[PDB]
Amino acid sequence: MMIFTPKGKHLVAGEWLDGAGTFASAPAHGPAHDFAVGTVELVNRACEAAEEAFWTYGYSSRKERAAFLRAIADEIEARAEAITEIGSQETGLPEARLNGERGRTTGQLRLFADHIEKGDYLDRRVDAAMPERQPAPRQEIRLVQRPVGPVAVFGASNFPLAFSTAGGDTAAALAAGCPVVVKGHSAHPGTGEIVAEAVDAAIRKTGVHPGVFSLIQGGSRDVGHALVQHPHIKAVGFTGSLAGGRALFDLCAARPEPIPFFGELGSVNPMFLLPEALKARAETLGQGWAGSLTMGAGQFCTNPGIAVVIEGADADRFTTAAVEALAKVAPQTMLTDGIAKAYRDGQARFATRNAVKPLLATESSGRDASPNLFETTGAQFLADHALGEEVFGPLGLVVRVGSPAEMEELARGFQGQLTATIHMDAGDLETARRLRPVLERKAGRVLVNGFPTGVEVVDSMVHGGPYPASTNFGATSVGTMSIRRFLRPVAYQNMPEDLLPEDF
(Lines of atoms letter the chains of each structure in order from A and count residues from 1; the text may use other names and numbers.)
(Lines give C-alpha, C1' and ligand atoms only; values in the text may rest on other atoms or scores of the structure.)
Protein backbone atom coordinates (compact mmCIF):
# COMPACT_ATOMS: atom_id res chain seq x y z
CA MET A 1 0.00 0.00 0.00
CA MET A 2 3.07 2.18 0.79
CA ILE A 3 3.83 4.92 -1.84
CA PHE A 4 7.49 4.76 -0.64
CA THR A 5 9.58 1.89 0.68
CA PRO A 6 13.00 3.02 1.88
CA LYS A 7 16.24 1.63 0.49
CA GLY A 8 17.57 2.22 4.00
CA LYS A 9 21.02 3.11 2.59
CA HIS A 10 23.47 6.05 3.09
CA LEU A 11 23.82 8.45 0.22
CA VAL A 12 27.55 9.16 -0.09
CA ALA A 13 28.49 11.31 -3.08
CA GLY A 14 25.98 9.71 -5.51
CA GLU A 15 26.35 6.13 -4.23
CA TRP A 16 23.86 4.35 -2.01
CA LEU A 17 25.79 2.47 0.59
CA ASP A 18 25.36 0.03 3.41
CA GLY A 19 26.78 0.50 6.85
CA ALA A 20 27.87 -1.35 9.99
CA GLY A 21 24.68 -3.42 10.21
CA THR A 22 21.24 -1.84 10.58
CA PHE A 23 18.99 -0.05 12.98
CA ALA A 24 15.18 -0.04 12.97
CA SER A 25 13.10 3.13 12.80
CA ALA A 26 10.63 3.76 15.62
CA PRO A 27 7.60 5.24 13.90
CA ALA A 28 4.50 6.38 15.76
CA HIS A 29 2.44 4.42 13.19
CA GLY A 30 3.07 2.52 9.96
CA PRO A 31 5.89 -0.03 9.53
CA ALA A 32 9.44 0.23 11.03
CA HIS A 33 12.25 0.04 8.38
CA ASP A 34 15.88 -1.02 8.69
CA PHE A 35 18.53 1.67 8.03
CA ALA A 36 22.23 1.43 7.50
CA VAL A 37 24.30 2.35 10.61
CA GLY A 38 26.96 5.09 9.98
CA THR A 39 30.66 4.69 10.64
CA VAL A 40 33.77 6.88 10.75
CA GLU A 41 34.89 5.38 7.38
CA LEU A 42 31.61 6.50 5.80
CA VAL A 43 32.21 10.00 7.30
CA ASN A 44 35.70 10.07 5.82
CA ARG A 45 34.39 9.00 2.44
CA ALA A 46 31.68 11.69 2.37
CA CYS A 47 34.09 14.48 3.51
CA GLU A 48 36.78 13.55 0.99
CA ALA A 49 34.19 13.65 -1.73
CA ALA A 50 32.85 17.02 -0.46
CA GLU A 51 36.39 18.37 -0.66
CA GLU A 52 36.77 17.08 -4.19
CA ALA A 53 33.35 18.58 -5.16
CA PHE A 54 34.33 21.95 -3.77
CA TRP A 55 36.89 22.52 -6.55
CA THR A 56 34.04 22.72 -9.02
CA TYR A 57 30.94 23.53 -6.92
CA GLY A 58 32.76 26.22 -4.86
CA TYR A 59 33.60 27.86 -8.18
CA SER A 60 30.23 27.62 -9.93
CA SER A 61 28.19 30.62 -10.97
CA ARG A 62 25.30 31.98 -8.98
CA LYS A 63 22.99 31.19 -11.89
CA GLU A 64 24.15 27.58 -11.77
CA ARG A 65 23.60 27.29 -8.01
CA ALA A 66 20.20 29.02 -8.22
CA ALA A 67 19.27 26.45 -10.87
CA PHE A 68 20.39 23.66 -8.60
CA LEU A 69 18.44 24.97 -5.54
CA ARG A 70 15.31 25.32 -7.73
CA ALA A 71 15.84 21.80 -9.01
CA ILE A 72 16.04 20.43 -5.46
CA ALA A 73 12.81 22.26 -4.55
CA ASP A 74 11.08 20.82 -7.67
CA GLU A 75 12.22 17.33 -6.80
CA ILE A 76 11.02 17.61 -3.22
CA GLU A 77 7.61 18.78 -4.52
CA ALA A 78 7.54 15.81 -6.95
CA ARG A 79 7.76 13.68 -3.81
CA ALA A 80 5.00 15.44 -1.74
CA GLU A 81 2.97 12.26 -1.27
CA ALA A 82 5.88 9.97 -0.11
CA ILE A 83 7.26 12.80 2.19
CA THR A 84 3.92 13.22 4.01
CA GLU A 85 3.48 9.44 4.41
CA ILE A 86 6.87 8.53 5.77
CA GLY A 87 7.18 11.89 7.60
CA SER A 88 3.95 11.51 9.55
CA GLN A 89 4.68 7.87 10.30
CA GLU A 90 8.08 8.58 11.81
CA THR A 91 7.41 11.67 13.78
CA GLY A 92 3.72 11.26 14.81
CA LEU A 93 3.12 14.77 13.50
CA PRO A 94 -0.17 15.12 11.59
CA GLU A 95 -0.18 14.94 7.79
CA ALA A 96 -1.26 18.62 7.63
CA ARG A 97 1.97 19.56 9.38
CA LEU A 98 4.15 17.60 6.98
CA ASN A 99 2.41 19.15 4.03
CA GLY A 100 2.80 22.69 5.30
CA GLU A 101 6.46 22.21 6.39
CA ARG A 102 7.17 20.85 2.89
CA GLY A 103 5.97 24.16 1.47
CA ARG A 104 8.20 26.01 3.91
CA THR A 105 11.22 23.89 2.82
CA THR A 106 10.73 24.38 -0.91
CA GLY A 107 9.93 28.05 -0.59
CA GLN A 108 13.11 28.52 1.57
CA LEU A 109 15.24 26.83 -1.24
CA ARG A 110 13.71 29.16 -3.80
CA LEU A 111 14.23 32.28 -1.61
CA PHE A 112 17.97 31.41 -1.46
CA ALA A 113 17.97 30.94 -5.20
CA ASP A 114 16.50 34.38 -5.73
CA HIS A 115 18.87 35.84 -3.13
CA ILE A 116 22.08 34.72 -4.80
CA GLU A 117 20.88 35.81 -8.22
CA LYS A 118 20.58 39.39 -6.82
CA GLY A 119 24.27 39.07 -5.77
CA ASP A 120 24.24 41.74 -3.05
CA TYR A 121 25.19 38.99 -0.48
CA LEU A 122 28.68 38.80 -2.23
CA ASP A 123 29.53 42.09 -0.51
CA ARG A 124 31.46 43.17 -3.56
CA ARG A 125 33.63 46.21 -2.87
CA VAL A 126 36.41 47.99 -4.73
CA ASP A 127 38.96 50.62 -3.86
CA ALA A 128 40.61 52.02 -7.00
CA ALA A 129 44.33 52.22 -7.62
CA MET A 130 46.07 55.50 -6.73
CA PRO A 131 49.49 55.45 -8.49
CA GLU A 132 49.72 59.15 -7.69
CA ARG A 133 49.47 58.67 -3.93
CA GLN A 134 52.46 59.86 -1.88
CA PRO A 135 54.62 58.75 -0.28
CA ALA A 136 53.64 55.33 -1.70
CA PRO A 137 51.14 54.43 -4.43
CA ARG A 138 47.94 52.51 -3.62
CA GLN A 139 47.15 49.38 -5.61
CA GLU A 140 43.63 48.42 -6.56
CA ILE A 141 41.88 46.16 -4.03
CA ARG A 142 38.65 44.27 -4.49
CA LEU A 143 36.73 42.25 -1.96
CA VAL A 144 34.16 39.42 -2.48
CA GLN A 145 32.60 36.75 -0.28
CA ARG A 146 33.61 33.18 -1.03
CA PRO A 147 32.22 29.85 0.23
CA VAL A 148 34.12 28.43 3.20
CA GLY A 149 34.38 24.79 2.10
CA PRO A 150 32.48 21.61 2.91
CA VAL A 151 29.94 22.07 5.72
CA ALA A 152 28.46 19.51 8.16
CA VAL A 153 24.66 19.83 8.91
CA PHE A 154 23.09 18.08 11.96
CA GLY A 155 19.36 18.03 11.21
CA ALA A 156 16.74 18.94 13.81
CA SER A 157 14.34 16.23 15.12
CA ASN A 158 11.38 18.57 15.53
CA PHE A 159 11.31 20.13 12.09
CA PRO A 160 12.08 17.04 10.00
CA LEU A 161 11.97 18.94 6.70
CA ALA A 162 12.64 22.70 7.07
CA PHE A 163 15.45 22.25 9.62
CA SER A 164 16.70 18.92 8.36
CA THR A 165 18.02 17.24 5.17
CA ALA A 166 17.37 20.06 2.70
CA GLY A 167 16.31 22.59 5.32
CA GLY A 168 17.70 26.00 6.30
CA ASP A 169 21.32 25.14 6.96
CA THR A 170 21.69 22.88 3.92
CA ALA A 171 19.99 25.45 1.75
CA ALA A 172 22.21 28.39 2.98
CA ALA A 173 25.40 26.29 2.60
CA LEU A 174 24.53 25.12 -0.94
CA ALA A 175 23.56 28.66 -1.90
CA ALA A 176 26.98 29.93 -0.72
CA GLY A 177 28.81 27.22 -2.80
CA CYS A 178 29.49 24.76 0.05
CA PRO A 179 28.99 21.02 -0.43
CA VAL A 180 27.07 19.58 2.62
CA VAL A 181 27.47 16.37 4.61
CA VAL A 182 24.26 15.77 6.59
CA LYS A 183 24.35 13.71 9.79
CA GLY A 184 20.80 12.25 9.50
CA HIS A 185 18.70 12.31 12.60
CA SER A 186 17.93 8.82 14.04
CA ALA A 187 14.36 9.91 14.71
CA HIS A 188 13.30 10.32 11.05
CA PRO A 189 15.67 8.29 8.79
CA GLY A 190 13.03 7.52 6.11
CA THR A 191 12.06 11.15 5.93
CA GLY A 192 15.83 12.04 5.50
CA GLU A 193 16.04 9.34 2.78
CA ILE A 194 13.16 10.61 0.51
CA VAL A 195 14.63 14.09 0.67
CA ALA A 196 18.14 12.77 -0.13
CA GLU A 197 16.46 11.08 -3.18
CA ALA A 198 15.16 14.47 -4.29
CA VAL A 199 18.62 16.03 -3.92
CA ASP A 200 20.16 13.05 -5.78
CA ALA A 201 17.69 13.55 -8.60
CA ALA A 202 18.52 17.29 -8.75
CA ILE A 203 22.29 16.52 -8.84
CA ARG A 204 21.83 14.06 -11.86
CA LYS A 205 19.64 16.56 -13.69
CA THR A 206 21.91 19.64 -13.20
CA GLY A 207 25.24 17.96 -13.64
CA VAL A 208 26.81 19.25 -10.36
CA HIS A 209 29.49 17.07 -8.74
CA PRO A 210 27.84 14.28 -6.72
CA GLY A 211 30.13 15.06 -3.69
CA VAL A 212 28.01 18.26 -3.26
CA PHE A 213 25.69 16.27 -0.96
CA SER A 214 25.89 13.21 1.30
CA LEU A 215 23.54 11.83 3.98
CA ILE A 216 24.86 9.53 6.70
CA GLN A 217 22.18 7.67 8.74
CA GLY A 218 22.41 6.62 12.42
CA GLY A 219 25.76 7.66 13.75
CA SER A 220 26.92 6.40 17.14
CA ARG A 221 28.39 9.38 19.06
CA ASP A 222 31.81 8.72 17.52
CA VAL A 223 30.30 9.22 14.07
CA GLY A 224 28.99 12.76 14.90
CA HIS A 225 32.38 13.53 16.43
CA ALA A 226 34.34 12.34 13.45
CA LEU A 227 32.21 14.58 11.26
CA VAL A 228 32.85 17.88 13.19
CA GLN A 229 36.58 16.95 13.54
CA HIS A 230 37.09 16.03 9.93
CA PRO A 231 39.99 18.22 8.47
CA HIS A 232 37.97 19.06 5.30
CA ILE A 233 34.79 20.18 7.18
CA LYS A 234 34.98 24.03 7.43
CA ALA A 235 31.86 24.94 9.51
CA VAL A 236 28.95 23.10 11.19
CA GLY A 237 25.25 23.98 11.34
CA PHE A 238 23.37 22.21 14.13
CA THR A 239 19.92 22.24 15.83
CA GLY A 240 19.46 20.21 18.98
CA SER A 241 20.00 20.13 22.71
CA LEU A 242 22.27 22.29 24.85
CA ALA A 243 24.40 19.37 26.15
CA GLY A 244 24.78 17.83 22.71
CA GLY A 245 25.44 21.19 20.98
CA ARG A 246 27.91 22.50 23.53
CA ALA A 247 29.89 19.21 23.39
CA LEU A 248 30.24 19.49 19.58
CA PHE A 249 31.08 23.25 19.88
CA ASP A 250 33.90 22.31 22.29
CA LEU A 251 35.16 19.69 19.87
CA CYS A 252 35.25 22.30 17.03
CA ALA A 253 37.21 24.64 19.27
CA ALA A 254 39.66 21.83 20.25
CA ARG A 255 40.55 20.80 16.69
CA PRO A 256 44.17 21.32 15.50
CA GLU A 257 42.48 23.84 13.10
CA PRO A 258 39.31 25.06 14.78
CA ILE A 259 36.19 25.81 12.76
CA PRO A 260 33.04 27.77 13.57
CA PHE A 261 30.07 25.77 15.08
CA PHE A 262 26.66 27.35 14.55
CA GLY A 263 24.21 25.57 16.87
CA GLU A 264 20.64 26.50 17.80
CA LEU A 265 20.06 25.03 21.26
CA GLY A 266 17.42 25.51 23.98
CA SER A 267 15.21 28.53 24.85
CA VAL A 268 12.24 29.19 27.28
CA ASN A 269 11.15 32.17 25.18
CA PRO A 270 9.58 34.34 27.98
CA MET A 271 6.69 36.75 27.32
CA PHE A 272 5.90 39.76 29.49
CA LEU A 273 2.25 40.74 29.52
CA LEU A 274 1.93 44.38 30.51
CA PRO A 275 -0.84 45.64 32.84
CA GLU A 276 -2.93 47.56 30.32
CA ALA A 277 -2.98 44.82 27.64
CA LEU A 278 -3.82 42.35 30.23
CA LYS A 279 -6.67 44.45 31.51
CA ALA A 280 -8.14 44.83 28.00
CA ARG A 281 -7.37 41.43 26.43
CA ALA A 282 -6.50 38.85 29.13
CA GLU A 283 -8.86 36.16 27.84
CA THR A 284 -7.76 36.38 24.24
CA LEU A 285 -4.14 36.50 25.47
CA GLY A 286 -4.62 33.37 27.60
CA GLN A 287 -6.15 31.47 24.64
CA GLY A 288 -3.49 32.78 22.19
CA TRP A 289 -0.92 31.44 24.69
CA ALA A 290 -2.52 28.03 25.07
CA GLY A 291 -2.46 27.76 21.27
CA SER A 292 1.29 28.53 21.09
CA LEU A 293 2.17 26.20 23.95
CA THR A 294 0.47 23.19 22.40
CA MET A 295 1.27 23.53 18.66
CA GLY A 296 3.12 20.41 17.41
CA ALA A 297 2.81 18.78 20.85
CA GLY A 298 4.83 21.70 22.19
CA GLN A 299 7.83 20.69 20.07
CA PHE A 300 8.89 24.12 18.80
CA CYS A 301 12.26 25.64 19.79
CA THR A 302 10.39 29.01 19.99
CA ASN A 303 7.69 27.63 22.39
CA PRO A 304 6.91 30.40 25.04
CA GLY A 305 7.37 28.33 28.18
CA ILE A 306 6.95 31.29 30.60
CA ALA A 307 4.45 34.18 30.91
CA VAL A 308 5.34 37.00 33.30
CA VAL A 309 2.51 39.07 34.72
CA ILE A 310 1.99 41.65 37.49
CA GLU A 311 -0.23 39.96 40.18
CA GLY A 312 -3.90 40.78 40.48
CA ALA A 313 -7.28 40.40 38.94
CA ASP A 314 -6.28 40.66 35.27
CA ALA A 315 -3.53 38.06 35.78
CA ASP A 316 -6.29 35.78 37.18
CA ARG A 317 -8.47 36.39 34.11
CA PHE A 318 -5.46 35.53 31.87
CA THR A 319 -4.48 32.45 33.87
CA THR A 320 -8.08 31.07 33.95
CA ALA A 321 -8.43 31.75 30.20
CA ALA A 322 -5.19 29.72 29.57
CA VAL A 323 -6.18 26.86 31.89
CA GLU A 324 -9.61 26.63 30.14
CA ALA A 325 -8.22 26.54 26.57
CA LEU A 326 -5.50 24.06 27.64
CA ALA A 327 -8.05 21.78 29.37
CA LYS A 328 -9.69 21.28 25.91
CA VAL A 329 -6.45 19.97 24.22
CA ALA A 330 -6.24 16.22 23.53
CA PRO A 331 -2.96 14.26 23.91
CA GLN A 332 -0.50 14.62 21.05
CA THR A 333 2.07 12.08 19.93
CA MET A 334 5.70 13.32 20.41
CA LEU A 335 8.72 12.65 18.23
CA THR A 336 10.30 9.85 20.23
CA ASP A 337 9.77 7.76 23.38
CA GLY A 338 12.82 9.41 25.01
CA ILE A 339 11.31 12.85 24.36
CA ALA A 340 7.95 11.79 25.79
CA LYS A 341 9.83 10.46 28.88
CA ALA A 342 11.89 13.72 29.29
CA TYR A 343 8.60 15.56 29.18
CA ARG A 344 7.20 13.50 32.04
CA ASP A 345 10.43 13.89 33.98
CA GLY A 346 10.05 17.66 33.50
CA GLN A 347 6.44 17.62 34.53
CA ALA A 348 7.51 15.79 37.74
CA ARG A 349 10.18 18.39 38.57
CA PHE A 350 7.39 21.01 38.59
CA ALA A 351 4.73 18.88 40.39
CA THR A 352 7.27 18.33 43.25
CA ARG A 353 8.46 21.96 43.85
CA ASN A 354 6.66 23.36 46.89
CA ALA A 355 7.58 26.69 45.29
CA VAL A 356 5.12 26.06 42.41
CA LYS A 357 1.39 25.55 42.38
CA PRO A 358 -0.18 23.47 39.58
CA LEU A 359 -2.98 25.09 37.58
CA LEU A 360 -3.39 22.05 35.30
CA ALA A 361 -1.81 18.69 35.65
CA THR A 362 -2.60 15.81 33.28
CA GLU A 363 -1.24 12.33 33.05
CA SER A 364 0.81 11.94 29.89
CA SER A 365 1.39 8.35 28.79
CA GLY A 366 3.51 6.50 26.27
CA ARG A 367 4.67 8.70 23.47
CA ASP A 368 1.88 11.24 24.04
CA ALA A 369 1.86 14.49 25.93
CA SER A 370 -1.04 16.46 27.38
CA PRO A 371 -0.53 20.05 28.42
CA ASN A 372 0.46 21.27 31.95
CA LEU A 373 0.40 24.70 33.56
CA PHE A 374 2.09 25.74 36.81
CA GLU A 375 2.33 29.08 38.58
CA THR A 376 4.85 30.74 40.83
CA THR A 377 5.86 34.24 42.12
CA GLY A 378 8.84 36.29 40.91
CA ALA A 379 10.68 35.98 44.21
CA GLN A 380 10.38 32.14 44.19
CA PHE A 381 11.54 32.11 40.53
CA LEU A 382 14.49 34.38 41.28
CA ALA A 383 15.10 32.05 44.27
CA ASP A 384 15.34 28.85 42.12
CA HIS A 385 17.23 28.83 38.79
CA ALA A 386 15.57 25.44 37.96
CA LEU A 387 12.16 27.07 37.50
CA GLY A 388 13.46 28.80 34.33
CA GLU A 389 14.45 25.36 32.87
CA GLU A 390 13.19 24.70 29.39
CA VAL A 391 10.81 21.75 29.34
CA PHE A 392 10.56 20.32 25.83
CA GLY A 393 6.79 19.80 25.39
CA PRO A 394 3.44 21.57 26.23
CA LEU A 395 4.16 22.80 29.79
CA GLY A 396 3.72 26.54 30.68
CA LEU A 397 4.68 28.56 33.82
CA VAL A 398 3.06 31.78 34.97
CA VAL A 399 5.34 33.92 37.07
CA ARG A 400 3.45 36.59 39.04
CA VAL A 401 5.51 39.64 39.83
CA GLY A 402 4.88 42.69 42.11
CA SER A 403 5.51 45.69 39.77
CA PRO A 404 7.25 46.82 36.63
CA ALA A 405 10.45 47.01 38.71
CA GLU A 406 10.28 43.34 39.65
CA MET A 407 9.31 42.47 36.04
CA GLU A 408 12.52 44.26 34.88
CA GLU A 409 14.45 42.34 37.53
CA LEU A 410 13.33 39.05 36.02
CA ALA A 411 14.08 40.29 32.52
CA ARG A 412 17.66 41.15 33.62
CA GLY A 413 18.09 37.70 35.17
CA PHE A 414 17.22 35.61 32.02
CA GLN A 415 20.03 33.89 30.14
CA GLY A 416 20.11 34.33 26.37
CA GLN A 417 16.97 33.27 24.47
CA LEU A 418 15.92 32.84 20.86
CA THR A 419 13.01 35.18 21.55
CA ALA A 420 11.40 37.42 24.08
CA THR A 421 7.89 38.82 23.69
CA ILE A 422 6.05 41.89 25.00
CA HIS A 423 2.23 42.01 25.04
CA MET A 424 1.18 45.60 25.29
CA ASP A 425 -1.40 48.35 24.63
CA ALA A 426 -0.61 51.99 24.02
CA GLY A 427 -0.85 52.70 27.81
CA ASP A 428 1.96 50.17 28.49
CA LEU A 429 4.51 52.13 26.44
CA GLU A 430 6.63 53.43 29.34
CA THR A 431 7.11 49.92 30.79
CA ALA A 432 7.76 48.41 27.37
CA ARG A 433 10.50 51.03 26.88
CA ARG A 434 12.28 49.99 30.08
CA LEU A 435 12.01 46.34 28.98
CA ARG A 436 13.06 46.63 25.27
CA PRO A 437 16.72 47.47 25.83
CA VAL A 438 17.12 44.60 28.32
CA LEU A 439 15.26 42.08 25.99
CA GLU A 440 17.17 43.24 22.86
CA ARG A 441 20.39 41.98 24.59
CA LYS A 442 18.84 38.74 25.77
CA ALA A 443 17.35 37.55 22.45
CA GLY A 444 17.81 37.45 18.73
CA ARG A 445 14.13 38.31 18.01
CA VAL A 446 11.95 40.72 20.07
CA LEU A 447 8.26 40.39 19.30
CA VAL A 448 5.41 42.68 20.33
CA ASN A 449 1.77 41.38 20.44
CA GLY A 450 2.43 38.05 18.80
CA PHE A 451 3.48 34.59 19.76
CA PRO A 452 7.05 33.47 19.10
CA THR A 453 6.10 30.10 17.57
CA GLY A 454 5.97 31.29 13.99
CA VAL A 455 9.44 31.94 12.44
CA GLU A 456 9.05 33.80 9.13
CA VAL A 457 11.60 32.84 6.41
CA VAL A 458 12.38 36.36 5.30
CA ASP A 459 15.46 38.58 4.64
CA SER A 460 14.79 40.29 8.00
CA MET A 461 14.75 37.19 10.22
CA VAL A 462 17.05 36.55 13.15
CA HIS A 463 16.60 33.10 14.39
CA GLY A 464 19.20 32.56 17.05
CA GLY A 465 20.23 34.40 20.20
CA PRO A 466 22.89 34.82 22.87
CA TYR A 467 24.46 31.71 24.33
CA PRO A 468 22.99 29.39 25.62
CA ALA A 469 20.21 29.94 23.09
CA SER A 470 22.79 29.47 20.29
CA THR A 471 26.57 29.44 19.61
CA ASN A 472 25.94 31.65 16.55
CA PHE A 473 27.71 34.73 18.02
CA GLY A 474 25.21 36.92 16.16
CA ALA A 475 24.51 34.77 13.06
CA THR A 476 20.97 33.70 12.17
CA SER A 477 20.07 30.17 11.11
CA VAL A 478 16.96 31.27 9.18
CA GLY A 479 16.48 34.01 6.63
CA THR A 480 18.86 35.08 3.92
CA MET A 481 21.41 36.54 6.27
CA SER A 482 22.13 32.94 7.44
CA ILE A 483 24.24 32.64 4.26
CA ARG A 484 27.01 34.61 6.05
CA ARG A 485 27.76 31.60 8.24
CA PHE A 486 29.18 29.86 5.20
CA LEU A 487 31.15 32.59 3.47
CA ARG A 488 34.58 34.22 4.00
CA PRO A 489 35.61 37.41 2.27
CA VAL A 490 38.82 37.52 0.25
CA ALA A 491 40.71 40.64 -0.91
CA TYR A 492 42.29 40.65 -4.35
CA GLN A 493 45.04 43.25 -4.79
CA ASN A 494 46.44 44.54 -8.14
CA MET A 495 44.85 41.61 -9.84
CA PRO A 496 44.46 41.51 -13.72
CA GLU A 497 40.89 41.35 -14.85
CA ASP A 498 41.42 37.96 -16.52
CA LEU A 499 42.69 36.45 -13.31
CA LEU A 500 39.81 37.62 -11.07
CA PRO A 501 37.33 34.97 -9.90
CA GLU A 502 34.00 34.82 -11.79
CA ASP A 503 32.20 36.07 -8.70
CA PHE A 504 33.02 39.57 -9.89
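Quick note: we count residues from 1 along the sequence shown, nothing fancier.
As recorded in the PDB entry, 290 to 298 is the stretch of 290 to 298 and 227 to 235 with the greater mean C-alpha temperature factor. Mean C-alpha B-factor is higher over 428 to 436 than over the other stretch, the pair under comparison being 162 to 170 and 428 to 436.
The PDB entry assigns its highest CA temperature factor, among 125, 353, 110, 423, to 353. Taking the PDB entry at face value, the top CA B factor among 194, 401, 208, 178 belongs to 401. Per-chain ranking of the deposited C-alpha B factor places residue 142 in the lowest third.
Among the modelled residues of the chain, residue 495 sits in the lowest third by CA temperature factor in this PDB entry.
Ranked against the other modelled residues of its chain, the C-alpha B-factor of residue 16 as given in the entry falls in the middle third. For residue 116, the recorded CA temperature factor ranks within the lowest third of the chain's modelled residues.
Ranked by C-alpha B-factor against the other modelled residues of its chain, residue 28 falls in the highest third.
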